[PDB]
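Asker: One structure coming up, written as structure tokens, with questions to follow.
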Amino acid sequence: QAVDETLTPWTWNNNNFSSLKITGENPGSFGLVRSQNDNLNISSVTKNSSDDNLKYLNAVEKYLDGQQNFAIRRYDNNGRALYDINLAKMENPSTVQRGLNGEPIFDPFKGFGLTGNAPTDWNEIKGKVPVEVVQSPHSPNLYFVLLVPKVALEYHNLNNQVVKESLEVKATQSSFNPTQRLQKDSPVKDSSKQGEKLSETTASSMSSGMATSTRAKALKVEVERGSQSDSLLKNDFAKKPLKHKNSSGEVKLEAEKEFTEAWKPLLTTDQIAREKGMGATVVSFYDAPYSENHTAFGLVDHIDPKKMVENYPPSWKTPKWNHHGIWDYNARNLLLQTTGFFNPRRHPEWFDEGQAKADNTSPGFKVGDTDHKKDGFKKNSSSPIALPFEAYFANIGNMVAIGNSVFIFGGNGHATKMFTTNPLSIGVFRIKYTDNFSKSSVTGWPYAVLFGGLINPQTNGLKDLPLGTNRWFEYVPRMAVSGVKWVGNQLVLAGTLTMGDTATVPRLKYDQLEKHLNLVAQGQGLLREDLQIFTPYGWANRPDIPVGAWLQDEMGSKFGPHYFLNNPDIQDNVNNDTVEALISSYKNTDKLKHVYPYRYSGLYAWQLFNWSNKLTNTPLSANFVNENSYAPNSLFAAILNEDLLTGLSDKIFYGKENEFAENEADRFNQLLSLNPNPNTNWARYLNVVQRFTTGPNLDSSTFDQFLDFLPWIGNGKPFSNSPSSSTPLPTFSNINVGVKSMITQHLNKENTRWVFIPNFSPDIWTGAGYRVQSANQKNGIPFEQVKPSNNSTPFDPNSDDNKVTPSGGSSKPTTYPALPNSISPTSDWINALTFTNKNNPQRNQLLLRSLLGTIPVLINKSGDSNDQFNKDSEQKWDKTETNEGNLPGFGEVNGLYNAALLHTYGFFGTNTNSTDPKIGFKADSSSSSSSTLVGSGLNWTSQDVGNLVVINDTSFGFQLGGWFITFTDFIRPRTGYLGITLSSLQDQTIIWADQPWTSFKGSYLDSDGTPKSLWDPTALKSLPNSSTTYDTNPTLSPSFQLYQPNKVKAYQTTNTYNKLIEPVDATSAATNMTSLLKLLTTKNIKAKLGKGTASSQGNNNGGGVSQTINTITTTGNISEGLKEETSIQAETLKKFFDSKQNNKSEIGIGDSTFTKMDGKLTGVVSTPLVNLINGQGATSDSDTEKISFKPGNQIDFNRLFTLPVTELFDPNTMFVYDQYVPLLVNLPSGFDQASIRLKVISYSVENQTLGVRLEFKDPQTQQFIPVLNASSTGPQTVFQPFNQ
């Protein structure tokens, strides 16, 4: 039980927690420690055919019991280890001999009363490593230890055959086709159900209608209950004119042949619940640093995923459905995309069957039946959402206790994070305790109900985020945990969570799946990349048009008022006569809703502002929720009500509204609000989030100007590059890009001079990719965006149909005169909210993945000879309207400029490599251009998170990727402050290594006042094999994804982007771009860059400690940067940055200071005086070296009558009065009468024994502390005056 030098301090890569700063009476830390023994034969246990995962992991665990052990080495504020508590090899432990009502009997010296026998389940609990330990400050001297199974500890070393990556590679000795795993065949019209297409209404309802419209007339959509069990009388939604192309058989999503070797968990939710030894556990116990009974135990409690399963909203059981569930279901079928909102196909981590249900059948409702009315009634649901092994293990970590109850807020997933699959914590866990920690109940919640009550007024960051929800909890949050800490007087949760997917919110025209590879893959599930790609040509007029309303104009020459490819160049006016002529007369009742011929349109921004779950000032206000994203693309930091969370009840009951609509008759009249049955407690949990933030408290294009300012660790050069005429342009911010165009000439040309710009001259920068008539006239563009479907002449405005006639016959056109001058991938429009593209999902996701530093690129030419995108004569930045700017306009990630991005990277030029890599994008006009995306070389994944270091009650932070954020102004935001401060990382070898997160070994706050993080360059866990031994074109990595090809039509040399750049059928373009896909692998990327091996030079290994930059309270101030209403905030802060670009320190940008010390760094230990590193640095209270306990020599004793004592202390403050301080402790130095004190701990009237612990005003921290060198035994000492 004594200290064992063999075992060493460490820190697990799920929570990274081995040092709890203990305070109160016995400051120190429950030092978490493991043997530093390497050379562990993982391959010993073989997963044969007969054995299952359960017994295989049992064999692994028992073999490790025979090969490894763990203990918790409690530390003292001095830094002297006392005892370890080895769970495996501790003999005959005991729990506290509590009282009748539950109090623990603890004589300070005789110690906590033992029961002789410890909590049961020794066999299956001694084999669980301690990964975490927490303190309960409400109750006295209570402690927990988080027992996690060790298969997590050795998780990454198990045979890959069982733990299978989601992506399949095999030999694939045929180049590597990123599209050969994507279902690419488009839907087609059926040849047997022609007459069931949605039918145009019989006769328009005049209703005293004075307005007349020459355009096509609306569709009549109604569903009536009638009288039938499994059918109805008329189901207009269930019309399904389209069908899967019969190309080499049906094209459909079905796992049993779309996944030869499918992703699959290890242990199901029920399996882990029933199994005890393989599941986590939290144990209440008690520590006695100065008693012969050093340790005593309380209660042992398991964490049951059955509480997760029972506490999900009923709708979660049927994720393949959704609140819409009928038209959207059919659309997803036909477009070959996500079925539901959280199907396994796009998110298998949480499905206990894994990808085995990566299909469409069995959505909880009747589907596929011939008669359209028949489909829609509920039936068996075989695809529920549960907590499989990986997700459950990600659901453990950073637990904290409040009052009489404890919470486990989830791990971070690295322990079970494989190379591309991203599991994480989905639902919070709660534990309570009854009758003074005598019994407990295990319960857990879904974070969806925790986060349902979100509204923009809460956060000071970016607005309209995809965070809200509706009465159906088809929103699937999941937190990446930085460590919930009791920051000051508020409780803070920080890290990242997965936004509701804002990428696949648009849809694809039925005949446009073979030329939108980018987004079709981004949606189907073969592209786990969560940035958000820009392909505007093929979007629908509304993403939510029922399929039966798609073929009313199949040719598209008439331009399909009900359904047509989105192009707001033609968007109908919102003019009065226009609206009351097109939409009003088609009034919709409860039973019937009118799909209006009106030509809705708009670029991706308007598309999202309509059909994305943007946060509105009222919570529970997200009706259009498409899907939940891939991996955390949202930095997060919120404050969670301690008192409320304590109050909330364990079990959750759901009302009628929680489940889905019984039948489509009811569905047709869905509401966002309904009366919950008062006997249900689910909605109690709603308003728990006080606020939240993801980035600095900035809005609009100014936020992306900040994005421009932030630098890239891969080179350190910021994106702008302006300091030191065909020069690189800013990529994120469009300020000072292109030419200034007038919003006054945009669209209606009316009421715009002082609407979106508070200046006499509304001058804004159209951005890169813009077009204009000519240098003479730039503001606005005449309607030359005319789209001719066939060769039947252009869109034909002013046509009899295209012009409306209100009462009076004054025929007028419904399409606006002058359109905006940018539909670029970086299109920026404050006014044309139907032509802008810089949405807040863009802004936040780019913040996250640019702080990570792994934003993708789009390329034409690799570094190959004769295929080199050289700089001179083919990169003319000043001219970006023509092909000289090399702007693709199709396949690039929305919100940035490809040429500028690649200059920032250094793929061409000296920015990255000594020799120009000769990799870049050309806007070739000779013929069609093939291209794709690739990784950034870096591999800082998104689930990355540090441990939340609480700097003070007003700020905090952690490390994210290679950067160190600090929420400087989140708890107490201040006007004019940027909001956050940043610190970068120095070690290049650490930066570029394969898996740079087998390097961070926990974070803490250094006593000096600035946190740090550990780095172990020798611990870099790269890929298991160098593509075995043969070079595999596809080689996995944290941030490797199937970036599909994008092949585009030829570009017109001049006036390139009048219209959208049409794509060509790129399905079979993979084999012709082998060189381009060679760069899709990070290893090849770094090989080209010249930093593929240790050739980067510099630090040999760089094993040291990195410290974030010191932040003045004014750090991050942009007070002068803002305002200046002479022009817009974006441009004024751009000028501010250009005046302070070379002062990254002031803004909050820097590189963490690094100190090199030799050693096999593995963890840290914490004492309130100072946190020590790796368990070294023994201290002996240097300041108070010359003070010790006075032996019995300086006591009366001798032989006299029973000594009367205890009169010198009172039921008041129990410290001995100042009269008799030095009677027991030697003070040859500290003779001062203003310090040096004592603290009694117990006594006995009839025996006269006195027990005290010294207490003195600590200089460094003005807090009263105990002392160890007082006596060899310890500050606690009995003073018994024997007997006569």
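Using the numbering of Swiss-Prot, the residues shown for chain A are 59-782, 789-1348, in order.
Each Cβ is built from the backbone N, Cα and C atoms, and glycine gets one as well.
Per Swiss-Prot, region 'Disordered' is recorded for 231-283, 845-885, 927-949. The compositional bias 'Basic and acidic residues' feature in Swiss-Prot is assigned to 240-257, 933-946. Summarising the annotation, Swiss-Prot assigns compositional bias 'Low complexity' to 258-272. The compositional bias 'Polar residues' annotation in Swiss-Prot covers 851-860, 868-878.
Could you tell me the structural context for the features on the list?
Answerer: According to DSSP, the compositional bias 'Basic and acidic residues' (240-257) comprises 0 helix, 3 strand, 15 coil.
Within the same chain, residues 278, 610, 635, 638-640, 642-645, 652, 655, 864-871 sit at least 6 positions outside the compositional bias 'Low complexity' (258-272) and bring their C-beta atoms closer than 8 Å to a C-beta of that stretch.
With DSSP classes pooled into helix, strand and coil, the tally for the region 'Disordered' (845-885) is 0 helix, 10 strand, 31 coil.
Residues of the same chain lying 6 or more positions beyond the ends of the compositional bias 'Polar residues' (868-878) and with a Cβ under 8 Å from any Cβ of it are 268-273, 630-631, 633, 635-636, 639-640, 657, 861-862.
Per-class residue totals from DSSP over the region 'Disordered' (927-949), listed helix then strand then coil: 3 helix, 0 strand, 20 coil.
Only residues 6 or more beyond the boundaries of the compositional bias 'Basic and acidic residues' (933-946), in the same chain, are considered here, and those with a CB under 8 A from a CB of the stretch are 789-793, 801-802, 832-836, 923-925, 961, 963-964, 972-973, 980, 982-987, 1117-1121.
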Asker: Mind tallying the compositional bias 'Low complexity' (258-272) by DSSP state, helix then strand then coil?
Answerer: 0 helix, 2 strand, 13 coil
